[PDB]
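[1] pasting an experimental structure, sequence included:
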Amino acid sequence: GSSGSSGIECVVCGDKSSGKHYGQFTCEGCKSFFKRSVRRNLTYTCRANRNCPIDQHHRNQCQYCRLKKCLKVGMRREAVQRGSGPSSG
Ligand SMILES: [Zn+2]
Ligand SMILES: [Zn+2]
């Protein structure tokens, strides 16, 4: 009985997802935040116990946690880069 909403929500922060991005439904805020890191191959180090609350009603939250949450919820990196997607083991 969890119905009655306005469109899809961001599985990362909850923000109204702007459509299925990277295989998963994520908002525009995380949509870019995920790529900018994926396409760039970045890697943040959560100074915390990787338990930072990645919500929407919260200013710039953790980076590693927020970014990771993507690979957790479902967001796939392969997508970030269209075309052939090789594997570096
Ligand atoms: Zn989001
Ligand atoms: Zn964190």
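    Received it, and whenever you're ready, just let me know what you need. Residues are numbered from 1 along each chain as shown. Ligands and ions are numbered 1, 2, ... in the order given.

[2] and the strands in the chain?
    Remark: strands assigned in the chain by DSSP state E are 20-21, 24-25.

[3] name the nearest residue to the most centrally placed residue in the chain, ignoring sequence neighbours.
    Centroid check for the chain by C-alpha atoms, centre = their mean gives residue 70 as the closest residue, at 3.4 Å. Of all residues not flanking residue 70 in the chain, residue 34 sits nearest, at 4.6 Å (C-beta to C-beta, 6 or more residues apart in numbering). Placement of C-beta: from N, CA and C, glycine included.

[4] from ligand 1, how far out is the one you found?
    Look at residue 34 and ligand 1: by C-beta to the ion, to the nearest Å, they are 9 Å apart.

[5] again with residue 57
    Distance from residue 57 to ligand 1, by C-beta to the ion: 11 Å.

[6] then residue 5?
    According to C-beta to the ion, residue 5 and ligand 1 sit 15 Å apart.

[7] hang on, the earlier thing: and the strands of the chain as JSON lines, adding distance to ligand 2 and mean neighbour count?
    Formatted as JSON lines, the strands of the chain follow (distance: least, C-beta to the ion, whole Å; neighbours: other C-beta atoms under 10 Å):
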{"stretch": "strand 20-21", "distance to ligand 2": "22", "mean neighbour count": "16"}
{"stretch": "strand 24-25", "distance to ligand 2": "19", "mean neighbour count": "22"}
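
[8] residue 8 is nearest to which of these?
    Ranking the strands of the chain by distance to residue 8, with C-beta to C-beta as the measure, places strand 24-25 first at 4.4 Å.

[9] please state the offset of that closest one from the chain centre?
    A distance of 8 Å separates the C-alpha centroid of strand 24-25 from that of its chain, computed with C-alpha atoms, centre = their mean, to the nearest Å.
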